[PDB]
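# Observations on chain architecture
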Amino acid sequence: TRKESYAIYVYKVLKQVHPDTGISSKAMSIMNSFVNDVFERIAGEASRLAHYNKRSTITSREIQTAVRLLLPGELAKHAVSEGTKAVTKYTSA
Amino acid sequence: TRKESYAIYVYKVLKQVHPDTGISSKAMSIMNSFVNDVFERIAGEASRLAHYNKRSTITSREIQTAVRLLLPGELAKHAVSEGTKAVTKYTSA
Amino acid sequence: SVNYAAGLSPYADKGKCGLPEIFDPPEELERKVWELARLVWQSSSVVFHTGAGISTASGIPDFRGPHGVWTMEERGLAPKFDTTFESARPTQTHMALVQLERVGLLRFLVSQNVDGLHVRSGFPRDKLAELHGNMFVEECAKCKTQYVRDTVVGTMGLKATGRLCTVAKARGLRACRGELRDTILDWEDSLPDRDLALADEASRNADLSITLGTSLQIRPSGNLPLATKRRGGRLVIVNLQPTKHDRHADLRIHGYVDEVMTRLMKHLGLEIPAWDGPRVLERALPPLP
Amino acid sequence: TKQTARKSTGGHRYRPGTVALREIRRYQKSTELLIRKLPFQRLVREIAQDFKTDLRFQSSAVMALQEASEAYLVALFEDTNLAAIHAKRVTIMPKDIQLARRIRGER
Amino acid sequence: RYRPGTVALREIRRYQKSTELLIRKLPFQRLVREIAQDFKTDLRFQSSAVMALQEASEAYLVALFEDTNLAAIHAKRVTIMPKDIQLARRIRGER
Amino acid sequence: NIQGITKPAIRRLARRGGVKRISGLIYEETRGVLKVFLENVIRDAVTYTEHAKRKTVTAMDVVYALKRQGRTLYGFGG
Amino acid sequence: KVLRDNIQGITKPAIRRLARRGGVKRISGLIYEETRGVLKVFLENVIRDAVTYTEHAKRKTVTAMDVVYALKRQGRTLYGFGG
Amino acid sequence: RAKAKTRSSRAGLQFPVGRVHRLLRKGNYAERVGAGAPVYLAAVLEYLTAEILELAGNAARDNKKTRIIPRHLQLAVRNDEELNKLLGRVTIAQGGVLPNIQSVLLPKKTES
Amino acid sequence: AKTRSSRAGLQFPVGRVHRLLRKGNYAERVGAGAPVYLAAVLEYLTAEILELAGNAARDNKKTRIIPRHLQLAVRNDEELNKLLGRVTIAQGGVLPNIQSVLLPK
DNA sequence: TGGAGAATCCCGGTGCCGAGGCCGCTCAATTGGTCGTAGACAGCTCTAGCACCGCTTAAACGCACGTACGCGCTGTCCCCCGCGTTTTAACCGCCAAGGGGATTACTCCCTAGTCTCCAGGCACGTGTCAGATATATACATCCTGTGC
DNA sequence: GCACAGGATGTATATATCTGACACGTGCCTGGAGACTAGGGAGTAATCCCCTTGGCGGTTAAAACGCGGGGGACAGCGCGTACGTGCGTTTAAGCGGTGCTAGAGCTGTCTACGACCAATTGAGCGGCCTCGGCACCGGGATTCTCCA
Ligand SMILES: *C1O[C@@H]2[C@H](O)[C@@H](COP(=O)(O)OP(=O)(O)OC[C@H]3O[C@@H](n4cnc5c(N)ncnc54)[C@H](O)[C@@H]3O)O[C@@H]2S1
Ligand SMILES: [Zn+2]
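- As recorded in the entry header, the structure was determined using cryo-EM to a resolution of 3.1 Å.

Here it is in structure tokens:
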């Protein structure tokens with residue numbers, strides 16, 4: 001069966017930030033594993049946050065708190081800011 | 001309020017193993033927290049194991065594998081033995 | 001027959017190597033053993049003390065005597081040995097004591113030797129107090145249990161002998177696993193609490209205790225027969241060398257322990273069993289008529 | 001010491017080093033927390049001040065913080081002592097703590 | 001000839017600048033198969049499996065040796081000894 | 001307010017650890033290490049509290065902070 | 001088929017290369033046996049975990065994901081093999 | 001309905017089987033939970049707690065006491081290697097530390 | 001546009017993120033705003049790491065990115081290192097550095 | 001200070017396997033609509049966090065003195081390191097067999113979801129017993145006086 | 001000087017008194033057990049072929065061994081001073097009272113929202129081909145070692 005990987009969107013980000021650089025298959029696999037791991041960390045922490053307060057829904061608040069608990073200072077601030085911007089631009093339209 | 005704890009079962013085990021010995025309140029809280037932590041660890045490992053093999057359920061097999069992965073030394077061997085005896089007796093009933 | 005002189009520690013303040021091996025005239029020794037027999041045959045609470053002189057007849061050298069290991073290590077360097085604990089043949093005195101216990105006359109026994117020939121002779125372990133210890137015994141570090149083995153553990157200073165405990169707890173739990181440390185006290189080491197307490201109780205209850213094959217220079221071990229006569233009771237110090245408590249001695253001998261004990265049993269009409277291998281026994285055997 | 005004695009033959013200012021051994025034996029057999037609760041609680045309040053003002057602390061919360069910090073510092077000092085012994089010394093210095101943390105991964 | 005010690009730094013720089021797998025592949029695979037014989041008999045490792053095992057082992061050993069060098073240098077030395085490895089493994093909770 | 005951890009307190013902590021002598025410059029380093037540890041644990045606990053919309057730092061919040069930092073603490077329930 | 005004492009395959013120059021990667025300028029002679037033992041212990045741990053995963057999965061081949069999962073469990077997450 | 005014999009009694013455990021079943025179901029660990037998982041998990045937890053409690057009671061009896069306290073649990077844990085490994089990251093509150101004095105720290109006897 | 005990812009200012013797959021969250025056995029319900037946030041955070045972190053790796057590549061006279069570049073980018077940035085302390089990048093190597101005393105004097 | 005070299009940075013030529021683009025499409029993302037409930041919001045209260053006081057007093061703080069330790073210098077020796085020749089086995093290139101992983105149907109047994117009944121487990125009330133501190137008492141050993 | 005005997009130090013045992021936590025008892029209720037059904041998760045058997053194991057053979061890169069010298073590991077010794085210990089003076093921690101109220105927890109009500117479903121379509125994946133980045137190779141110029 002066909003497998004799922006984040007290769008395409010990693011390519012999109014790479015071209016957006018470095019429009020004249022490539023990436024080797026090994027680096028693509030490393031990035032795929034890293035994205036999987038970071039997503040798993042954030043989602044698991046969000047689920048733990050929800051379970052602690054007896055909630056039953058992993059809402060954006062849970063994700064924001066999880067990303068604040070996981071990433072360090074500057075990384076956490078930038079990630080939370082980008083998440084809020086994304087949600088604002090989404091629900092607005 | 002309605003609080004949930006394993007205090008009664010822990011005391012039952014203690015009086016089963018040490019016919020004449022008490023256990024302080026703080027000691028009981030420590031034991032209950034230990035049981036909670038071990039339960040969470042085994043359950044999480046069993047869940048990840050069920051997810052890796054693309055199965056959607058948790059069974060005696062997955063709990064056995066989680067116990068093997070987590071507990072070291074003779075601890076794992078004897079825990080597996082007790083779990084197997086328990087499940088075989090239960091199934092026989 | 002490994003020596004517990006360098007094994008114990010380099011520090012050795014014995015200060016005793018000139019030991020004139022006084023021997024008694026045969027007639028005087030006969031009279032002294034006669035009076036000791038007269039006293040003991042009626043004395044009810046009788047507890048003995050065997051030192052490192054009984055096994056000298058076996059073959060393992062003593063410590064202070066002219067052939068003492070410490071004495072030789074002091075004056076020059078010439079440690080001579082003949083036998084081994086594994087091949088150590090019990091002396092007739094061990095079987096004599098075993099019989100005395102069997103008939104119930106010997107209330108107790110508190111030895112300070114280390115070969116454990118008393119244990120190997122079948123003396124009820126519940127009746128002895130191996131104060132300094134015993135090679136053939138390793139004690140667990142967790143459950144404080146004992147294991148009378150058949151081959152020397154081979155360690156000194158209360159250290160690991162390379163075996164883990166094998167006593168099984170109930171409820172299918174993990175068996176206790178402790179180092180099974182050795183039992184021989186290094187200089188400046190405490191005594192086994194249970195054995196020492198039992199020895200103290202026995203010695204205090206002893207209205208007549210006789211101390212053999214020991215110079216009694218050593219800690220407590222040589223002090224038990226002081227408290228045997230304090231608060232009443234008579235002390236018989238049967239040894240060749242001048243003991244550290246002759247001035248307090250209520251009796252004395254200058255002769256071979258084997259010979260004096262043989263004369264004692266002859267006067268009593270008593271016989272002696274004839275050694276064995278490691279025929280170890282623990283429960284106190286029933287008293288005999 | 002009723003009739004009990006070590007293995008032997010028979011027969012003011014403490015030497016600097018023995019009182020510390022007695023102290024070690026004393027504190028390694030006890031369990032009570034080894035920091036004054038009031039100053040430590042004030043410290044926790046001051047530390048949490050920089051994050052969220054007017055923050056009320058449960059008594060059990062401060063106790064849990066104290067237990068955690070005490071255990072962490074005890075372990076750190078154990079490792080620092082091990083490092084100092086490794087360096088052929090007996091007095092733990094700042095470098096021992098720094099190396100212990102560096103190996104521990106925290107530094 | 002080179003005075004002793006000078007080429008140690010040269011080797012350090014070379015082997016740090018590079019990124020290959022230092023241990024030989026085939027002996028490492030044989031070691032891994034011998035180890036796995038202990039648990040279950042007649043396994044079949046995917047080549048990627050042994051590659052991952054070798055990468056993990058090399059990274060772990062490099063980190064351990066960096067910690068050990070720090071320990072030895074703290075001990076006023078330049079030669080790393082077994083005691084340094086024991087200390088590094090102890091302060092990190094291993095063993 | 002940091003100085004509330006008096007030198008005898010750090011000496012007692014070391015004596016529990018196993019130390020026999022303490023260099024005079026240790027105390028400042030120990031205070032700094034304590035400050036760093038408490039800062040991290042308190043930040044995690046305060047984040048947990050702020051999420052739950054509580055003005056009080058519950059004990060379970062500190063327990064969860066410790067569990068997150070891999071220092072699971074028993075005896076306080078959870 | 002029954003491999004024996006292949007730990008010797010980790011030779012002195014290989015361990016020396018590994019140490020040089022870590023910034024070491026000089027290596028005592030006794031370091032080599034110690035390093036072989038340490039690597040053996042680490043491999044025992046990882047292979048035990050991987051074999052556990054594989055045997056649970058009803059397979060007979062130690063897929064790379066088995067080793068990656070074992071390393072993730074041991075707090076040594078590895079990137080570049082999936083997961 | 002017939003007499004309600006709880007699952008634990010049939011299995012023979014002392015811990016609750018139904019309680020752990022509900023914890024697994026509501027814990028969000030899998031879309032469904034087997035019929036044997038709760039029994040095995042309860043048995044494992046009961047065995048682990050039995051081990052800790054038995055060792056703690058051993059420590060208490062060896063300390064001339066009859067009320068297990070956090071100190072007894074700490075001693076029962078850190079003195080057994082497997083449990084120390086399993087409980088490596090815990091800090092049992094009010095447990096103190098094991099009485100460890102490094103040999104180099106001890107004084108040198110054989111004076112006089 | 002039609003796709004959630006397009007409606008947001010993202011490039012990561014919002015639909016895939018939501019599907020993984022729903023099927024990942026994390027909670028009974030998953031907020032409709034969660035996937036946007038999680039995808040945005042993943043995109044930001046990938047952008048940061050790739051930016052650093054590309055900078056390293058450019059400083060290394062290479063027109064592409066290779067695991068070594070990712071390793072250098074991760075370890076040479078303190079925040080990412082703390083986030084990525086317990087990771088090892090296969091074929092990544094080790095950051096070049098030597099002790100301050102082993103240098104010649 | 002200076003001078004010869006091993007190893008290293010760097011310029012030019014370049015061709016293969018891997019990066020990169022094309023494209024059909026088929027399963028997954030998207031739109032719209034329905035329905036139950038999980039959570040938003042508002043209230044009430046009364047638990048417990050907070051603040052303050054006065055008295056005890058355990059512990060903190062300042063200093064003084066000395067020795068035990070840290071530190072540094074100097075002198076073996078011995079134990080690595082560097083280099084050169086032997087040799088040992090990795091490395092690569094290719095080829096074969098077949099196990100075992102991967103996908104596919106049929107299905108059947110097991111677990112989700114309900115509902116009813118009710119004893120197990122909780123909150124509270126109560127009695128009391130283990131543990132802490134203080135008192136007295138019996139016996140070993142150490143210090144000192146008297147007699148041998 | 002050693003020993004006998006008494007005074008003193010220090011220890012373990014029997015005992016008393018007290019207190020707050022711990023064990024048992026009780027009613028109350030709701031979460032668990034019994035009986036039931038429906039459908040889909042995953043057994044199980046069959047099939048296919050990808051990839052692992054195994055082998056061989058040649059060149060040959062790295063390991064192995066030996067040998068010499070020189071660097072530093074390690075021991076010892078000597079000097080300064082920093083820490084340990086002790087004592088007396090301070091000070092603020094501990095404890096027990098009250099007195100207040102912020103807000104933690106529970107409840108009640110309702111609606112906004114996620115699950116689900118049907119029907120639609122489009123974009124991300126497998127396989128297709130094309131083009132070039134840099135590993136590799138030739139030599140030219142350069143930087144710390146070592147020697148002098
Ligand atoms: C640690 O353990 C050791 C052990 O417990 C004893 C060993 O010496 P002791 O038994 O205390 O004294 P010891 O030197 O045996 O004094 C008895 C004297 O008897 C002499 N002796 C040899 N053979 C004898 C026979 N057959 N009959 C009488 N006396 C005999 C000995 O030579 C010695 O003088 O204490 C240490 S410390
Ligand atoms: Zn035992």
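## Notes on the side chain of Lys14 of chain C
Residue and element names in this part refer to chain C.
- Considering the arrangement of structural elements, one finds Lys14 in the segment before α1 (26-42).
- Buried within the structure, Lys14 lacks any salt-bridge partner; its nearest side chain of opposite charge belongs to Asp13, at an N-O separation of 6.9 Å.
- Once you skip the residues sitting within four places of it in the chain, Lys14 turns out to touch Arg64, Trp70, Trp187 and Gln217.

## Details of the protein's contact with DNA strand J
- Inspection of the region around DNA strand J gives 75 residues, with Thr1, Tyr11 and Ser56 of chain A, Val90 of chain D together with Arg4 of chain I positioned closest.
- In DNA strand J, the atoms that sit within 4 Å of the protein are 95% sugar and phosphate, with bases accounting for the remainder.
- Between DNA strand J and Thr57 of chain A, the relevant distance is 3.3 Å, taken from a phosphate oxygen to a main-chain nitrogen or oxygen of the residue.
- A distance of 2.8 Å is found between a phosphate oxygen of DNA strand J and a side-chain nitrogen or oxygen belonging to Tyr9 of chain B.
- For the surface near DNA strand J, the per-class residue count stands at 19 nonpolar, 21 polar and 35 charged.

## Considerations on the site of ligand 1
- Within the structure, ligand 1 sits among 22 residues, and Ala52, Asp62, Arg64 and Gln112 of chain C together with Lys7 of chain D are positioned closest to it.
- The environment of ligand 1 is shared, with nearby residues belonging to chains C and D.
- Taking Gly53 of chain C, its main chain carries an N or O atom lying 3.2 Å from a nitrogen atom of ligand 1.
- In the model, an oxygen atom of ligand 1 is placed 2.6 Å from a nitrogen or oxygen of the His132 of chain C side chain.

## Let's talk about the coordination of the zinc ion (ligand 2)
All names here are of chain C.
- Around the zinc ion (ligand 2), the protein contributes the donor atoms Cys140 (SG), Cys143 (SG), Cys165 (SG) and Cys176 (SG), which lie 2.3 Å from the metal centre.
- With four donor atoms in place around the zinc ion (ligand 2) and angles of 104 to 115° between them, the coordination shape is tetrahedral.
- As a motif over one chain, the donors of the zinc ion (ligand 2) read C-x2-C-x21-C-x10-C.
- Accessibility expressed as a relative area gives 28% for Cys143, which makes it partly exposed.

## Structural notes on the sheet that holds strand β2 (residues 106-109) of chain C
Residues and elements named next belong to chain C.
- Strand order across the open sheet formed by five strands is β2-β1-β6-β7-β8, with parallel pairing between neighbours. Each end of this open sheet is capped by a strand with a single partner; those strands are β2 and β8 (252-253).
- Across five bridges, the pairing between strand β1 (residues 46-50) and strand β6 (residues 208-212) is parallel. Looking at the pairing, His49 lines up with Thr211 of β6.
- Against the sheet, helix α4 (residues 92-102) makes contact with β1 and β2, and its axis sits at roughly 130° relative to β2, the strand it touches most.
- Packed on one face of the sheet, helix α6 (residues 193-205) meets β1 and β2 and runs near 145° to β2.

## A look at the protein's contact with DNA strand K
- The immediate surroundings of DNA strand K are formed by 76 residues, with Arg3 of chain E, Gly24 of chain F, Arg17 of chain G together with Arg1 and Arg22 of chain H found nearest.
- When the atoms of DNA strand K within 4 Å of the protein are sorted by group, sugar and phosphate make up 94%.
- Note that a sugar or linking oxygen of DNA strand K is positioned 3.3 Å from one of the side-chain N or O atoms of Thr6 of chain E.
- Separating a phosphate oxygen of DNA strand K from a backbone N or O atom of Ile22 of chain F is a distance of 3.4 Å.
- The leading source of residues in the surface near DNA strand K is helix α2 (residues 37-49) of chain D, at four residues.
- Residue composition of the surface near DNA strand K, by class: 20 nonpolar, 22 polar and 34 charged.

What counts, and at which threshold
- Residues numbered from 1 in each chain as written, not as in the entry; some residues may be left out.
- Chains lettered and ligands numbered in written order.
- Heavy atoms only, no water.
- Residues with missing side-chain atoms left out of burial classes, pairs and counts.
- Helix = DSSP H or I, 4+ residues; strand = E, 2+ residues; numbered from the N terminus.
- Buried < 20%, exposed > 50% of the residue type's maximum accessible area, 1.4 Å probe, protein only.
- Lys, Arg positive; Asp, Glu negative; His and termini not counted.
- Salt bridge = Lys/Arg side-chain N within 4 Å of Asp/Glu carboxyl O.
- Contact = heavy atoms within 4.5 Å.
- Near = heavy atom within 4 Å.
- Polar contact = N/O pair within 3.5 Å; in protein donor to acceptor, adjacent residues only side chain to side chain.
- Nonpolar A, V, L, I, M, F, W, Y, C, P; charged D, E, K, R; others polar.
- Donors = N, O, S within 2.8 Å, 3.2 Å for Na, K, Ca; no water.
- Tetrahedral: all angles 85-135°; square planar, octahedral: opposite > 155°, others 65-115°.
- Pairing = 2+ DSSP bridges.
- Axes fitted to C-alpha atoms, helices over the stretch in contact; angles between N-to-C directions.

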